[PDB]
Amino acid sequence: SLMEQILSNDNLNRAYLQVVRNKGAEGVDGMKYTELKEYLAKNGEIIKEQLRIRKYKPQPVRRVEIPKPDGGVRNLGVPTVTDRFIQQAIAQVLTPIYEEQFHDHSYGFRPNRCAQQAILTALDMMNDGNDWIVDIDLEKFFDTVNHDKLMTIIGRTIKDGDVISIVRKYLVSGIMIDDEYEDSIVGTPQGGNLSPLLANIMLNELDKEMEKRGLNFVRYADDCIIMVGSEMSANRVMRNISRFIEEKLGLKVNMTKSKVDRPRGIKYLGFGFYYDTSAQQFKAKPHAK
Amino acid sequence: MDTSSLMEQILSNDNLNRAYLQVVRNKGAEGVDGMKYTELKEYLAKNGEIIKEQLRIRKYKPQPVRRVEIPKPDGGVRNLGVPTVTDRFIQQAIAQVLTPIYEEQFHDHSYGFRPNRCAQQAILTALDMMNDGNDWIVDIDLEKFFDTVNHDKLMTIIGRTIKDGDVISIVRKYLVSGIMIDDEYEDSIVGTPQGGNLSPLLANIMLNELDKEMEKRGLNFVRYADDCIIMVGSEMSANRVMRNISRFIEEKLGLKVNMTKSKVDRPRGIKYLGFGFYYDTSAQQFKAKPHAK
Ligand SMILES: [K+]
Ligand SMILES: [K+]
């Protein structure tokens, strides 16, 4: 089934070209993206054999700390360029499968989708009267997700045990989500060939629960806002959805950072919101950083 | 639909109800007649059939747009041309029929004022081009489209597809009325533009001629309304593209290049759709983020 699709010459050549295009910092092995071509010419068949027999061992991600202007630090986990290549090859096959399942109001790390589309959808909801915002803050997905629960969800769709095996090994390696979009940055995420898709597979369960409740929401990776018509309803939604996230998905809601507010109080994907009194419409613009 | 008999599609109950709903959803400031968007429904109950019949015989008279000055969030003033709500309604009714026709003609690297497209998509496509080595940027600055477009040239282009003379007639009257493009995207703003039910589509119909020419020449570009950047691999090639494409825009489309603001530059010198570009030292890549305003 899927492993041979992932390892096909066609898919691997596409993954190689993408990873070279994406460049990026070296992982723990010190290998630069400019060395991948020659490395694969020598070792590509060995690597394919190891993957086929479940003996390929991903390298741990390299932890990189980047200063944020507000005095915080952004954490990045950089896979080796070989692992970015394999992750890309996996994602190229898994992405079309899951695109058929995903909700139209999920916008993070998906083909032809971006943060601005989430903003515009949320604005339309706000301007329809749903201007009480439920802003649920989750602890970092890959710091808190239970690997068994995630792999079980993935297993509902993906029956190839060889693919299951290697995806689990990448979770263990420390793959994570580059959150630079929170600073309004646009561009290729570092270390994100596969981890954002895996987060979306899990969080698609939240999308389905919110759709079952008839809620108006947008989501970008693990950052969701829900648009509601009244404070009382927003408080109920906050309580019910936070309970679902913790009990069903096994994720962790930071209740202190989560809040109900009006749009002026919301910071989302680098944007803030304001009421344009000429247009008589909420609009959005980059918030101060 | 039949492109020779579109006026009755524009005036159909279904199309007009949709246009009414969208104009009310867009809200907006009043035009020169002082009519609020909440007053449109009662006005159309009395005058809707009158307006339809006037349009059928080319006797409907658009009102001039209202010049409205509003603050920009970060300082300074934005000038808008606000049609009356009746004219926003008719403009929307026309655009609802013309948009699906032209969406099938448009280039995938045109992103301004189109359904499900946005500025960030143009930025992402441009970054991919820059990171593939095309980091000499041709930045042609055009004077405001509706201040400079030749009405006959624009109607000629539209008439290649739209054969309904009654639709041609009303679109031309809307040009004279002063419809324009809300430029708040230049300030990184996301939201409903004012006065833009029809004007941005008309600009895209014209500028689609430029897109086809650039594609014929194999150029890497993105465009958002009348703001286009072209990604080239060398300074020499950029200067050549600048010369050739500026000539095409002025000679074939009749638009106006601003000499002093057009330039060839590297990504760090480009301001586009509210974004600047920078070289991320860790990623060894160009990325974008909002520029200082
Ligand atoms: K949130
Ligand atoms: K330009």
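Rules and cut-offs
- In this view, residue numbering begins from 1 on each chain in the order the sequence is written and may differ from the entry, while residues that lack coordinates are not shown.
- Working convention: letters from A go to chains and numbers from 1 go to ligands, in the order in which they are written.
- Values reported for side chains reflect all heavy atoms of the structure, with hydrogen atoms and water molecules removed beforehand.
- For each residue, the accessible area found with a 1.4 Å probe, counting protein chains only, is set against the maximum for its type, and the residue is called buried under 20%, exposed over 50%, and partly exposed in between.
- Segments assigned H or I by DSSP are reported as helices when at least four residues long, segments assigned E as strands when at least two residues long, and all are numbered from the N terminus.
- Here a strand pair is declared whenever DSSP counts at least two bridges between the two strands.
- With water omitted from the atoms examined, metal sites may look incomplete; donors here are N, O and S atoms no farther than 2.8 Å from the metal, or 3.2 Å in the case of Na, K and Ca.
- The definition of a polar contact used here is a pair of N or O atoms within 3.5 Å, where within protein one atom must be able to donate a hydrogen and the other to accept one, and adjacent residues in sequence count solely through side-chain atom pairs.
- Here, residues are in contact when the closest pair of their heavy atoms is within 4.5 Å.
- Interaxial angle, 0 to 180 degrees, is taken between N-to-C directions of lines fitted to C-alpha atoms, where a helix line uses only the stretch in contact.
- Marked domain ranges trace back to an automatic or database domain assignment.
- Here the buried area means the combined drop in accessible surface, using a 1.4 Å probe, for two parts upon being joined, counting both sides.
- What counts as a salt bridge is simple: a side-chain nitrogen of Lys or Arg found within 4 Å of a carboxyl oxygen of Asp or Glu.
- Any residue that is not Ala, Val, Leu, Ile, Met, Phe, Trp, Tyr, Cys, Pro, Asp, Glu, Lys or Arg is counted as polar, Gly included; the first ten are nonpolar and the last four charged.

- Per the deposited record, the coordinates in this entry were obtained by X-ray crystallography to a resolution of 1.400 Å.

## Notes on the pairing of strand β8 (residues 271-276) of chain A
Residues and elements named next belong to chain A.
For step 1, the next point in the chain: With respect to burial, β8 is a largely interior element, five of its six residues being buried.
For step 2, the next point in the chain: Judged from the two bridges that link them, strand β7 (residues 267-268) and β8 form a sheet pairing that is antiparallel. Across the sheet, the residue bridging to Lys-267 is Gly-272, located in β8.
For step 3, the next point in the chain: The turn linking β7 back onto β8 is made up of two residues, and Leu-269 within it adopts a positive phi angle of 60 degrees.

## Focus: the coordination of the potassium ion (ligand 1)
All names here are of chain A.
For step 1, the next point in the chain: At the metal site, the potassium ion (ligand 1) is ligated by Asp-135 (OD), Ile-136 (O), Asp-223 (OD) and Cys-224 (O), and these contacts range over 2.6 to 2.7 Å.
For step 2, the next point in the chain: Counting residues between consecutive donors of the potassium ion (ligand 1) along the chain gives the motif D-I-x86-D-C.
For step 3, the next point in the chain: Of the residues examined, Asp-135 reaches a relative accessible area of 12% and is grouped as buried.
For step 4, the next point in the chain: Among the residues examined, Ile-136 registers a relative accessible area of 5% and is labelled buried.

## Considerations on the coordination of the potassium ion (ligand 2)
A four-donor tetrahedral metal ideally has 109.5 degree angles, and a six-donor octahedral metal ideally has angles of 90 or 180 degrees.
All names here are of chain B.
For step 1, the next point in the chain: Taken together, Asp-139 (OD), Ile-140 (O), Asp-227 (OD) and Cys-228 (O) make up the full set of protein donors to the potassium ion (ligand 2), lying 2.6 to 2.8 Å away.
For step 2, the next point in the chain: When the donor residues of the potassium ion (ligand 2) are listed from N- to C-terminus, their spacing reads D-I-x86-D-C. Taken together, the residues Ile-140 in the loop between β3 (136-139) and α6 (145-148) and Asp-227 in strand β5 (residues 227-232) connect sequence positions 87 residues apart. Side by side, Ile-140 and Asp-227 carry an identical accessibility label, which is buried.

## With respect to the side chain of A:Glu180
For step 1, the next point in the chain: Turning to its location among the elements, A:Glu180 is positioned in the loop between α8 (161-173) and α9 (195-212).
For step 2, the next point in the chain: For A:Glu180, a relative accessible area of 6% puts it in the buried group.
For step 3, the next point in the chain: Among the polar contacts made by the side chain of A:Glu180, one reaches the side chain of B:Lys287 at a distance of 2.8 Å.
For step 4, the next point in the chain: With near-sequence residues (within four places) excluded, A:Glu180 lies in contact with A:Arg74, A:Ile185, A:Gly187, A:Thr188, A:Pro189, B:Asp280 and B:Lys287.

## A look at the sheet that holds strand β6 (residues 263-265) of chain B
Residues and elements named next belong to chain B.
For step 1, the next point in the chain: One open sheet accounts for four strands, arranged β4-β5-β3-β6; its pairing is antiparallel. A single partner strand is all that each edge strand has here, and the edge strands are β4 (220-224) and β6. Ignoring strand direction, the axes of neighbouring strands in this sheet form an average angle of 20 degrees.
For step 2, the next point in the chain: As judged from the three bridges shared by β3 and β6, these two strands associate in the antiparallel manner. Residue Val-138 lies in a different strand from β6, and its bridge partner there is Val-264.
For step 3, the next point in the chain: Along the sheet, helix α9 (residues 199-216) contacts β4 and β5; its crossing angle with β4, the most-contacted strand, is approximately 175 degrees.

## What about the sheet that holds strand β9 (residues 285-290) of chain B?
All names here are of chain B.
For step 1, the next point in the chain: The strand order β7-β8-β9 describes an open sheet built from three strands, whose pairing is antiparallel. Every other strand in the sheet has two partners, leaving β7 (271-272) and β9 as the edge strands with one partner each.
For step 2, the next point in the chain: Relative to strand β8 (residues 275-280), β7 is paired through two bridges, and the arrangement is antiparallel. Counterpart to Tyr-272 in the pairing with β8 is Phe-275.

## Let's talk about the side chain of A:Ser106
For step 1, the next point in the chain: Looking at the secondary structure, you find A:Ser106 in the loop between α4 (81-99) and α5 (115-127).
For step 2, the next point in the chain: Every residue in contact with A:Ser106, bar those within four places of it in the chain, is listed here: A:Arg113, A:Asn200, A:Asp207 and A:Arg219.

## Looking at the domain arrangement of chain A
All names here are of chain A.
For step 1, the next point in the chain: Along its sequence, chain A is organised into domain 1 (1-102 + 141-192) and domain 2 (103-140 + 193-289).
For step 2, the next point in the chain: The C-alpha centroid of domain 2 is placed 26 Å from the C-alpha centroid of domain 1.
For step 3, the next point in the chain: Contacts between the two partners involve 38 residues from domain 1 and, on the opposite side, 34 residues from domain 2.
For step 4, the next point in the chain: Taking both sides of the interface into account, the surface hidden between domain 1 and domain 2 amounts to around 3200 Å²; carbon and sulfur atoms contribute 65%.
For step 5, the next point in the chain: Looking only at domain 1, the three residues that lose the most surface to domain 2 are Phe-102, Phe-141 and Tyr-181, adding up to 27% of its buried area.
For step 6, the next point in the chain: Linking domain 1 to domain 2 there are three salt bridges.
For step 7, the next point in the chain: A salt bridge links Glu-205 to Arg-156; the nearest nitrogen and oxygen atoms lie 3.2 Å apart.
For step 8, the next point in the chain: The interface formed by domain 1 and domain 2 holds 14 residue pairs in polar contact in total.
For step 9, the next point in the chain: Contributing elements (two or more residues each) for the side of domain 1 that touches domain 2: α2 (9-22), α4, α6 (141-144), α7 (147-157) and α8.
For step 10, the next point in the chain: It is α4 that contributes the most residues to the side of domain 1 that touches domain 2, nine residues altogether.
For step 11, the next point in the chain: Residue composition of the side of domain 1 that touches domain 2, by class: 20 nonpolar, nine polar and nine charged.

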